[PDB]
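As stored in entry-v5.pdb (PDB, C-alpha atoms (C1' of nucleotides)):
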```pdb
MODEL        1
ATOM      1  CA  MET A   1     -43.689 -23.607 -13.740
ATOM      2  CA  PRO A   2     -45.721 -20.293 -13.592
ATOM      3  CA  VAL A   3     -43.999 -17.725 -15.909
ATOM      4  CA  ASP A   4     -43.875 -13.942 -15.549
ATOM      5  CA  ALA A   5     -40.979 -11.648 -16.389
ATOM      6  CA  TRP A   6     -40.973  -9.498 -13.204
ATOM      7  CA  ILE A   7     -41.391 -12.073 -11.328
ATOM      8  CA  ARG A   8     -42.763 -10.169  -8.508
ATOM      9  CA  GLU A   9     -45.162 -10.597  -5.567
ATOM     10  CA  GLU A  10     -46.157  -7.893  -3.098
ATOM     11  CA  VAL A  11     -46.711  -7.905   0.684
ATOM     12  CA  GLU A  12     -49.230  -5.504   2.186
ATOM     13  CA  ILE A  13     -47.807  -3.955   5.318
ATOM     14  CA  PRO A  14     -50.224  -2.047   7.801
ATOM     15  CA  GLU A  15     -49.496   1.283   9.612
ATOM     16  CA  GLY A  16     -48.792  -0.756  12.718
ATOM     17  CA  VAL A  17     -45.848  -2.590  11.127
ATOM     18  CA  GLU A  18     -42.718  -0.850   9.780
ATOM     19  CA  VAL A  19     -40.219  -3.025   7.827
ATOM     20  CA  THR A  20     -36.616  -2.296   7.302
ATOM     21  CA  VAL A  21     -34.477  -3.941   4.821
ATOM     22  CA  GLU A  22     -30.709  -4.386   4.662
ATOM     23  CA  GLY A  23     -30.042  -6.703   1.696
ATOM     24  CA  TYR A  24     -31.485 -10.107   2.215
ATOM     25  CA  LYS A  25     -32.040  -9.592   5.841
ATOM     26  CA  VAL A  26     -35.390  -8.540   7.277
ATOM     27  CA  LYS A  27     -36.310  -6.910  10.694
ATOM     28  CA  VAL A  28     -39.929  -6.292  11.539
ATOM     29  CA  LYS A  29     -40.928  -4.028  14.411
ATOM     30  CA  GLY A  30     -44.463  -3.033  15.446
ATOM     31  CA  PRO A  31     -45.908  -1.809  18.739
ATOM     32  CA  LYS A  32     -44.512  -4.767  20.549
ATOM     33  CA  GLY A  33     -40.991  -6.121  20.354
ATOM     34  CA  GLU A  34     -39.060  -6.866  17.137
ATOM     35  CA  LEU A  35     -38.243 -10.095  15.373
ATOM     36  CA  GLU A  36     -35.345 -10.673  12.825
ATOM     37  CA  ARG A  37     -34.922 -13.330  10.140
ATOM     38  CA  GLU A  38     -32.499 -14.009   7.403
ATOM     39  CA  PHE A  39     -34.228 -14.889   4.199
ATOM     40  CA  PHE A  40     -31.661 -17.010   2.312
ATOM     41  CA  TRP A  41     -32.177 -18.228  -1.260
ATOM     42  CA  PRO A  42     -30.104 -17.116  -4.355
ATOM     43  CA  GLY A  43     -31.316 -14.131  -6.332
ATOM     44  CA  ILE A  44     -34.339 -12.996  -4.244
ATOM     45  CA  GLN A  45     -33.956  -9.352  -3.079
ATOM     46  CA  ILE A  46     -36.386  -7.955  -0.515
ATOM     47  CA  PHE A  47     -36.767  -4.150  -0.470
ATOM     48  CA  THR A  48     -39.396  -1.595   0.478
ATOM     49  CA  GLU A  49     -41.314   0.226  -2.364
ATOM     50  CA  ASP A  50     -43.289   2.847  -0.277
ATOM     51  CA  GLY A  51     -45.656   1.223   2.172
ATOM     52  CA  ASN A  52     -45.308  -1.972   0.383
ATOM     53  CA  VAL A  53     -42.661  -4.683   0.723
ATOM     54  CA  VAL A  54     -41.648  -6.440  -2.628
ATOM     55  CA  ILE A  55     -39.965  -9.820  -2.843
ATOM     56  CA  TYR A  56     -38.563 -10.301  -6.487
ATOM     57  CA  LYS A  57     -36.149 -12.309  -8.735
ATOM     58  CA  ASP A  58     -35.807 -11.755 -12.504
ATOM     59  CA  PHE A  59     -36.098 -15.303 -13.602
ATOM     60  CA  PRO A  60     -39.207 -17.481 -12.883
ATOM     61  CA  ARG A  61     -38.542 -21.091 -11.933
ATOM     62  CA  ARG A  62     -40.647 -23.408  -9.840
ATOM     63  CA  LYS A  63     -38.335 -23.619  -6.885
ATOM     64  CA  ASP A  64     -38.191 -19.915  -6.641
ATOM     65  CA  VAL A  65     -41.928 -19.281  -6.403
ATOM     66  CA  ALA A  66     -42.353 -21.632  -3.554
ATOM     67  CA  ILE A  67     -39.574 -20.022  -1.447
ATOM     68  CA  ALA A  68     -40.876 -16.529  -2.307
ATOM     69  CA  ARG A  69     -44.378 -17.287  -1.003
ATOM     70  CA  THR A  70     -42.926 -18.886   2.196
ATOM     71  CA  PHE A  71     -41.099 -15.534   2.873
ATOM     72  CA  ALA A  72     -44.362 -13.690   2.239
ATOM     73  CA  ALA A  73     -45.993 -15.989   4.890
ATOM     74  CA  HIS A  74     -43.128 -15.430   7.398
ATOM     75  CA  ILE A  75     -43.850 -11.620   7.042
ATOM     76  CA  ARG A  76     -47.426 -12.178   7.496
ATOM     77  CA  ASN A  77     -46.879 -14.182  10.769
ATOM     78  CA  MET A  78     -44.747 -11.229  11.974
ATOM     79  CA  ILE A  79     -47.563  -8.688  11.208
ATOM     80  CA  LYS A  80     -49.992 -10.461  13.513
ATOM     81  CA  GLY A  81     -47.157 -11.500  15.905
ATOM     82  CA  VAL A  82     -45.539  -8.138  16.537
ATOM     83  CA  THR A  83     -49.095  -6.423  16.919
ATOM     84  CA  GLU A  84     -50.680  -8.569  19.513
ATOM     85  CA  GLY A  85     -48.883 -12.007  19.500
ATOM     86  CA  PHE A  86     -49.905 -15.637  19.029
ATOM     87  CA  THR A  87     -51.742 -17.973  21.492
ATOM     88  CA  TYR A  88     -51.945 -21.772  21.166
ATOM     89  CA  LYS A  89     -53.894 -23.493  23.965
ATOM     90  CA  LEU A  90     -52.944 -27.027  24.993
ATOM     91  CA  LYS A  91     -54.548 -29.663  27.297
ATOM     92  CA  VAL A  92     -52.840 -32.140  29.646
ATOM     93  CA  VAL A  93     -55.043 -35.239  29.539
ATOM     94  CA  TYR A  94     -54.365 -38.241  31.771
ATOM     95  CA  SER A  95     -55.505 -41.751  31.821
ATOM     96  CA  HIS A  96     -55.013 -42.431  35.477
ATOM     97  CA  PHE A  97     -52.693 -40.075  37.111
ATOM     98  CA  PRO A  98     -53.199 -36.537  38.405
ATOM     99  CA  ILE A  99     -50.362 -35.040  36.360
ATOM    100  CA  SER A 100     -48.718 -32.004  37.629
ATOM    101  CA  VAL A 101     -47.694 -29.334  35.088
ATOM    102  CA  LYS A 102     -45.745 -26.395  36.532
ATOM    103  CA  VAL A 103     -43.288 -23.907  35.043
ATOM    104  CA  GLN A 104     -40.179 -23.956  37.112
ATOM    105  CA  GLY A 105     -37.915 -21.300  35.595
ATOM    106  CA  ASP A 106     -37.173 -21.227  31.832
ATOM    107  CA  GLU A 107     -38.169 -24.800  31.485
ATOM    108  CA  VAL A 108     -41.667 -26.388  31.855
ATOM    109  CA  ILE A 109     -41.550 -29.515  34.014
ATOM    110  CA  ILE A 110     -44.235 -32.262  33.819
ATOM    111  CA  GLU A 111     -44.254 -34.699  36.612
ATOM    112  CA  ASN A 112     -46.165 -37.767  37.603
ATOM    113  CA  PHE A 113     -46.656 -38.825  34.005
ATOM    114  CA  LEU A 114     -47.471 -42.527  33.996
ATOM    115  CA  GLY A 115     -46.563 -42.907  37.778
ATOM    116  CA  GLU A 116     -42.884 -41.887  36.860
ATOM    117  CA  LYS A 117     -40.526 -40.791  39.552
ATOM    118  CA  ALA A 118     -38.401 -38.831  37.127
ATOM    119  CA  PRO A 119     -38.857 -35.291  35.812
ATOM    120  CA  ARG A 120     -39.699 -34.561  32.253
ATOM    121  CA  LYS A 121     -38.594 -31.223  30.855
ATOM    122  CA  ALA A 122     -38.821 -29.380  27.586
ATOM    123  CA  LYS A 123     -37.246 -26.144  26.484
ATOM    124  CA  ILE A 124     -38.925 -22.689  26.393
ATOM    125  CA  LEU A 125     -37.584 -20.082  24.069
ATOM    126  CA  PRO A 126     -36.548 -16.353  25.050
ATOM    127  CA  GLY A 127     -39.662 -14.805  23.411
ATOM    128  CA  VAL A 128     -42.205 -17.294  24.679
ATOM    129  CA  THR A 129     -44.129 -17.242  28.065
ATOM    130  CA  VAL A 130     -45.938 -20.367  29.346
ATOM    131  CA  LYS A 131     -48.793 -19.914  31.724
ATOM    132  CA  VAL A 132     -50.647 -22.849  33.297
ATOM    133  CA  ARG A 133     -54.137 -22.321  34.579
ATOM    134  CA  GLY A 134     -55.647 -25.701  36.006
ATOM    135  CA  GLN A 135     -55.096 -28.441  33.404
ATOM    136  CA  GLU A 136     -55.350 -25.955  30.587
ATOM    137  CA  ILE A 137     -52.023 -24.383  29.689
ATOM    138  CA  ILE A 138     -51.662 -21.694  27.093
ATOM    139  CA  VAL A 139     -48.477 -20.970  25.354
ATOM    140  CA  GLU A 140     -48.231 -17.381  24.468
ATOM    141  CA  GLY A 141     -45.352 -15.356  22.766
ATOM    142  CA  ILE A 142     -44.430 -12.763  20.033
ATOM    143  CA  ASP A 143     -43.839 -15.244  17.261
ATOM    144  CA  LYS A 144     -45.711 -18.080  15.734
ATOM    145  CA  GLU A 145     -42.615 -20.057  14.703
ATOM    146  CA  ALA A 146     -41.256 -19.821  18.174
ATOM    147  CA  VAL A 147     -44.599 -20.593  19.830
ATOM    148  CA  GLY A 148     -45.203 -23.526  17.589
ATOM    149  CA  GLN A 149     -41.705 -24.956  18.470
ATOM    150  CA  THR A 150     -42.116 -24.520  22.314
ATOM    151  CA  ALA A 151     -45.541 -26.267  22.244
ATOM    152  CA  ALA A 152     -44.264 -29.164  20.218
ATOM    153  CA  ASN A 153     -41.147 -29.616  22.446
ATOM    154  CA  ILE A 154     -43.623 -30.202  25.299
ATOM    155  CA  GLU A 155     -45.534 -32.842  23.339
ATOM    156  CA  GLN A 156     -42.336 -34.631  22.121
ATOM    157  CA  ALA A 157     -41.228 -35.028  25.803
ATOM    158  CA  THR A 158     -44.465 -36.847  26.824
ATOM    159  CA  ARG A 159     -44.146 -39.094  23.688
ATOM    160  CA  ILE A 160     -45.196 -42.698  24.104
ATOM    161  CA  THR A 161     -44.957 -45.443  21.489
ATOM    162  CA  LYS A 162     -43.422 -48.134  23.696
ATOM    163  CA  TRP A 163     -46.851 -49.503  24.566
ATOM    164  CA  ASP A 164     -50.216 -49.499  22.800
ATOM    165  CA  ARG A 165     -51.352 -46.175  21.476
ATOM    166  CA  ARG A 166     -55.123 -46.803  22.079
ATOM    167  CA  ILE A 167     -55.013 -47.584  25.776
ATOM    168  CA  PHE A 168     -52.297 -45.140  26.808
ATOM    169  CA  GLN A 169     -52.983 -41.596  25.750
ATOM    170  CA  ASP A 170     -51.299 -39.919  28.633
ATOM    171  CA  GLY A 171     -49.777 -36.544  27.566
ATOM    172  CA  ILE A 172     -50.190 -32.882  26.653
ATOM    173  CA  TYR A 173     -51.567 -32.280  23.224
ATOM    174  CA  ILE A 174     -52.448 -29.466  20.857
ATOM    175  CA  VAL A 175     -56.214 -28.628  21.303
ATOM    176  CA  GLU A 176     -55.554 -25.392  19.662
ATOM    177  CA  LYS A 177     -52.838 -23.970  17.350
ATOM    178  CA  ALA A 178     -54.777 -20.996  15.899
ATOM    179  CA  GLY A 179     -57.618 -23.067  14.451
ATOM    180  CA  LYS A 180     -58.575 -26.365  16.213
ATOM    181  CA  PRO A 181     -56.695 -29.487  14.918
ATOM    182  CA  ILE A 182     -58.141 -32.182  14.167
ATOM    183  CA  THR A 183     -60.856 -34.735  13.493
ATOM    184  CA  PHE A 184     -59.666 -38.165  12.657
TER     185      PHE A 184
ATOM    186  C1'   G B   1      13.238 -86.492  59.463
ATOM    187  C1'   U B   2      15.046 -90.774  56.783
ATOM    188  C1'   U B   3      16.597 -95.455  53.443
ATOM    189  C1'   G B   4      21.143 -97.284  51.109
ATOM    190  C1'   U B   5      26.252 -96.885  51.471
ATOM    191  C1'   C B   6      31.400 -94.679  52.323
ATOM    192  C1'   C B   7      34.694 -91.959  55.752
ATOM    193  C1'   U B   8      36.668 -97.250  62.315
ATOM    194  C1'   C B   9      33.071 -95.105  65.941
ATOM    195  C1'   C B  10      31.391 -90.268  67.579
ATOM    196  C1'   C B  11      30.270 -85.748  65.330
ATOM    197  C1'   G B  12      30.300 -83.567  60.538
ATOM    198  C1'   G B  13      29.630 -84.878  55.430
ATOM    199  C1'   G B  14      29.561 -87.221  49.794
ATOM    200  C1'   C B  15      26.363 -89.591  46.127
ATOM    201  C1'   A B  16      21.908 -92.122  44.674
ATOM    202  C1'   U B  17      22.009 -85.550  39.213
ATOM    203  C1'   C B  18      16.294 -81.680  44.160
ATOM    204  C1'   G B  19      18.030 -89.216  47.145
ATOM    205  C1'   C B  20      12.879 -89.623  49.277
ATOM    206  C1'   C B  21      10.001 -87.315  52.661
ATOM    207  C1'   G B  22       8.171 -82.778  56.096
ATOM    208  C1'   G B  23       8.292 -77.344  56.594
ATOM    209  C1'   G B  24       9.320 -72.574  54.171
ATOM    210  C1'   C B  25      11.756 -66.490  53.736
ATOM    211  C1'   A B  26      12.869 -63.142  49.692
ATOM    212  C1'   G B  27      11.084 -63.072  44.637
ATOM    213  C1'   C B  28       7.739 -64.595  40.738
ATOM    214  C1'   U B  29       3.100 -66.042  40.219
ATOM    215  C1'   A B  30      -3.181 -67.306  40.907
ATOM    216  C1'   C B  31      -6.393 -70.825  42.385
ATOM    217  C1'   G B  32      -5.471 -64.381  45.670
ATOM    218  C1'   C B  33      -6.267 -58.873  45.685
ATOM    219  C1'   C B  34      -6.791 -54.012  43.621
ATOM    220  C1'   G B  35      -8.668 -50.715  39.714
ATOM    221  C1'   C B  36     -11.400 -50.249  34.687
ATOM    222  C1'   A B  37     -17.120 -43.443  34.298
ATOM    223  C1'   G B  38     -20.264 -39.766  33.552
ATOM    224  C1'   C B  39     -20.837 -35.769  30.308
ATOM    225  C1'   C B  40     -20.884 -32.525  25.774
ATOM    226  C1'   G B  41     -20.789 -31.565  20.199
ATOM    227  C1'   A B  42     -22.306 -33.128  15.602
ATOM    228  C1'   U B  43     -25.563 -37.023  13.234
ATOM    229  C1'   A B  44     -28.592 -41.740  11.297
ATOM    230  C1'   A B  45     -33.129 -44.420  11.623
ATOM    231  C1'   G B  46     -37.410 -41.723  13.685
ATOM    232  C1'   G B  47     -40.596 -37.748  15.844
ATOM    233  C1'   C B  48     -41.931 -32.522  14.805
ATOM    234  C1'   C B  49     -42.461 -26.609  13.632
ATOM    235  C1'   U B  50     -43.174 -22.927  10.237
ATOM    236  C1'   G B  51     -44.219 -23.501   5.606
ATOM    237  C1'   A B  52     -45.058 -23.255   0.249
ATOM    238  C1'   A B  53     -44.995 -25.563  -4.713
ATOM    239  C1'   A B  54     -50.591 -27.334  -5.167
ATOM    240  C1'   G B  55     -54.957 -19.937  -2.187
ATOM    241  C1'   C B  56     -55.924 -25.694   1.909
ATOM    242  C1'   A B  57     -53.238 -29.776   3.787
ATOM    243  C1'   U B  58     -48.215 -31.074   4.697
ATOM    244  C1'   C B  59     -41.949 -33.141   9.105
ATOM    245  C1'   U B  60     -38.725 -30.514   3.546
ATOM    246  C1'   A B  61     -39.454 -28.134  -1.302
ATOM    247  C1'   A B  62     -35.860 -23.618   1.760
ATOM    248  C1'   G B  63     -35.296 -22.532   7.060
ATOM    249  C1'   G B  64     -35.686 -24.422  12.281
ATOM    250  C1'   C B  65     -36.014 -28.278  17.210
ATOM    251  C1'   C B  66     -34.709 -33.123  19.165
ATOM    252  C1'   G B  67     -32.831 -37.760  18.340
ATOM    253  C1'   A B  68     -27.881 -44.449  18.481
ATOM    254  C1'   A B  69     -24.009 -48.851  22.389
ATOM    255  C1'   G B  70     -22.203 -45.820  16.337
ATOM    256  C1'   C B  71     -18.729 -40.666  15.018
ATOM    257  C1'   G B  72     -15.718 -36.709  17.511
ATOM    258  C1'   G B  73     -14.460 -34.983  22.121
ATOM    259  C1'   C B  74     -13.765 -36.687  27.246
ATOM    260  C1'   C B  75     -10.017 -41.041  28.956
ATOM    261  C1'   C B  76      -5.739 -44.282  28.398
ATOM    262  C1'   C B  77      -0.974 -45.507  25.499
ATOM    263  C1'   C B  78       2.982 -43.575  22.452
ATOM    264  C1'   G B  79       4.839 -39.511  20.487
ATOM    265  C1'   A B  80      11.030 -33.296  18.316
TER     266        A B  80
ENDMDL
END
```

Using the file provided, produce a representation of the structure as structure tokens.
Amino acid sequence: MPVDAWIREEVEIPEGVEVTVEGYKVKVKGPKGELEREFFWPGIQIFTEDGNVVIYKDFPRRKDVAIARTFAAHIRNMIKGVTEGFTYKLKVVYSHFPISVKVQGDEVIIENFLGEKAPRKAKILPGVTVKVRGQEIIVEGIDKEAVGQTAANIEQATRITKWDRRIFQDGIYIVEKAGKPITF
RNA sequence: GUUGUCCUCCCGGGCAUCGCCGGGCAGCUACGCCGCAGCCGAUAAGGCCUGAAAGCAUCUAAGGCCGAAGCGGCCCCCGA
């Protein structure tokens, strides 16, 4: 339990990002689009003190601090989302089969995965754009949360655990999020 | 059709408690035929995102995406 009487943390907001508050509900608009969330937790008020956004509750308890810093981090993902957006780059890697990745409409379709005759599909969200260039594909969009979800829906579609996991590695995987994951 | 017998014979009948045997309509039956799904919602086990506590990491701590023949719906039966 960290103990302060304010307890108060402060979010630095650029000139590029304007934040508007209406209770516990946050909208963040910059030079490109807008994004809304509801921050829900008891007793945590978000309001704007000048150029600065403040997230506060009177009482310090351990639960609260965690939730408070997550909200700070959601703001921060909006500040670099609404400015210029988020890019995660992904690779489709195949063990045996030229594996055809195309966007047909508001779903991405992956065909010819493991010699399958059937289509695989995975959902794309209304703020996210999927571009395929060769067997690199880059998922691109206004929001990190959203971008992160779309990418992982693609991966969860190709999922394989019904055979050995060392000698079938067919699928599209996360080469990049925003750093490079990972070394074993 | 036929064995026994009674009606004198002929024909046409009775009983032998379907007389025995052969065939069979209607009906009822099978050993016969006809018909008996998919899909959506919300979840579990599980897989993940963001994402802190614990400046990182992390599928959960809050929020979010999927995901059982099971659950609800769909269907079928009854039902002022």

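Using only C-alpha atoms, the smallest distance between any of A:149, A:171, A:73, A:33 and residue 101 of chain A comes from A:171.
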
At most 6 Å to chain B: residues in chain A, all atoms listed in the file, as an MDAnalysis selection string: chainID A and resid 66 70 145 148:149

Residues within 12 Å of residue 42 of chain B, all atoms listed in the file, excluding chain neighbours under 4 positions, as a PyMOL selection string: chain B and resi 67+71-73

Could you expand the PyMOL selection byres ((chain A and resi 4) around 12) into the explicit residues it covers here, written as an mmCIF file with C-alpha atoms, in the frame of the given file?
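The resulting result.cif:
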```cif
data_model
loop_
_atom_site.group_PDB
_atom_site.id
_atom_site.type_symbol
_atom_site.label_atom_id
_atom_site.label_comp_id
_atom_site.auth_asym_id
_atom_site.auth_seq_id
_atom_site.Cartn_x
_atom_site.Cartn_y
_atom_site.Cartn_z
ATOM 1 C CA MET A 1 -43.689 -23.607 -13.740
ATOM 2 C CA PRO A 2 -45.721 -20.293 -13.592
ATOM 3 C CA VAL A 3 -43.999 -17.725 -15.909
ATOM 4 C CA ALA A 5 -40.979 -11.648 -16.389
ATOM 5 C CA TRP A 6 -40.973 -9.498 -13.204
ATOM 6 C CA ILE A 7 -41.391 -12.073 -11.328
ATOM 7 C CA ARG A 8 -42.763 -10.169 -8.508
ATOM 8 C CA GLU A 9 -45.162 -10.597 -5.567
ATOM 9 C CA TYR A 56 -38.563 -10.301 -6.487
ATOM 10 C CA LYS A 57 -36.149 -12.309 -8.735
ATOM 11 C CA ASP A 58 -35.807 -11.755 -12.504
ATOM 12 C CA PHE A 59 -36.098 -15.303 -13.602
ATOM 13 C CA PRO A 60 -39.207 -17.481 -12.883
ATOM 14 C CA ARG A 61 -38.542 -21.091 -11.933
ATOM 15 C CA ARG A 62 -40.647 -23.408 -9.840
ATOM 16 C CA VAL A 65 -41.928 -19.281 -6.403
#
```

Straight-line distance linking atom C1' of residue 77 of chain B with atom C1' of residue 39 of chain B, stated in Å to one decimal: 22.6 Å

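Excluding residue 84 of chain A itself and same-chain residues fewer than 2 positions from it, the residues having an atom within 9 Å of it are residues 31, 32, 79, 80, 81, 82, 86 and 142 of chain A, counting all atoms listed in the file.
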
Gap from atom CA of residue 23 of chain A to atom CA of residue 144 of chain A - Å, one decimal: 23.9 Å

Residues within 12 Å of residue 168 of chain A, all atoms listed in the file, excluding chain neighbours under 5 positions, as a list in words: residues 93, 94, 95, 96, 97, 113, 114, 158, 159, 160, 161, 162 and 163 of chain A

Filtering to C-alpha atoms, could you give me those residues as a compact mmCIF listing (two decimals), keeping the file's coordinate frame?
```txt
# COMPACT_ATOMS: atom_id res chain seq x y z
CA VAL A 93 -55.04 -35.24 29.54
CA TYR A 94 -54.36 -38.24 31.77
CA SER A 95 -55.50 -41.75 31.82
CA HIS A 96 -55.01 -42.43 35.48
CA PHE A 97 -52.69 -40.08 37.11
CA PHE A 113 -46.66 -38.83 34.01
CA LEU A 114 -47.47 -42.53 34.00
CA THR A 158 -44.46 -36.85 26.82
CA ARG A 159 -44.15 -39.09 23.69
CA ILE A 160 -45.20 -42.70 24.10
CA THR A 161 -44.96 -45.44 21.49
CA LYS A 162 -43.42 -48.13 23.70
CA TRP A 163 -46.85 -49.50 24.57
```

Residues returned when the PyMOL selection byres ((chain A and resi 129-132) around 10) runs on this file, as a JSON list (two decimals) with C-alpha atoms, in the frame of the given file:
```json
[["chain", "number", "residue", "atom", "x", "y", "z"],
["A", 89, "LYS", "CA", -53.89, -23.49, 23.96],
["A", 90, "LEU", "CA", -52.94, -27.03, 24.99],
["A", 91, "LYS", "CA", -54.55, -29.66, 27.30],
["A", 101, "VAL", "CA", -47.69, -29.33, 35.09],
["A", 102, "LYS", "CA", -45.74, -26.40, 36.53],
["A", 103, "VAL", "CA", -43.29, -23.91, 35.04],
["A", 106, "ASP", "CA", -37.17, -21.23, 31.83],
["A", 107, "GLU", "CA", -38.17, -24.80, 31.48],
["A", 108, "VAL", "CA", -41.67, -26.39, 31.86],
["A", 124, "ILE", "CA", -38.92, -22.69, 26.39],
["A", 125, "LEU", "CA", -37.58, -20.08, 24.07],
["A", 126, "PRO", "CA", -36.55, -16.35, 25.05],
["A", 127, "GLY", "CA", -39.66, -14.80, 23.41],
["A", 128, "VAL", "CA", -42.20, -17.29, 24.68],
["A", 133, "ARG", "CA", -54.14, -22.32, 34.58],
["A", 134, "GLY", "CA", -55.65, -25.70, 36.01],
["A", 135, "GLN", "CA", -55.10, -28.44, 33.40],
["A", 136, "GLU", "CA", -55.35, -25.96, 30.59],
["A", 137, "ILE", "CA", -52.02, -24.38, 29.69],
["A", 138, "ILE", "CA", -51.66, -21.69, 27.09],
["A", 139, "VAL", "CA", -48.48, -20.97, 25.35],
["A", 140, "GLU", "CA", -48.23, -17.38, 24.47],
["A", 141, "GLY", "CA", -45.35, -15.36, 22.77],
["A", 142, "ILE", "CA", -44.43, -12.76, 20.03],
["A", 147, "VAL", "CA", -44.60, -20.59, 19.83],
["A", 150, "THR", "CA", -42.12, -24.52, 22.31],
["A", 151, "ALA", "CA", -45.54, -26.27, 22.24]]
```
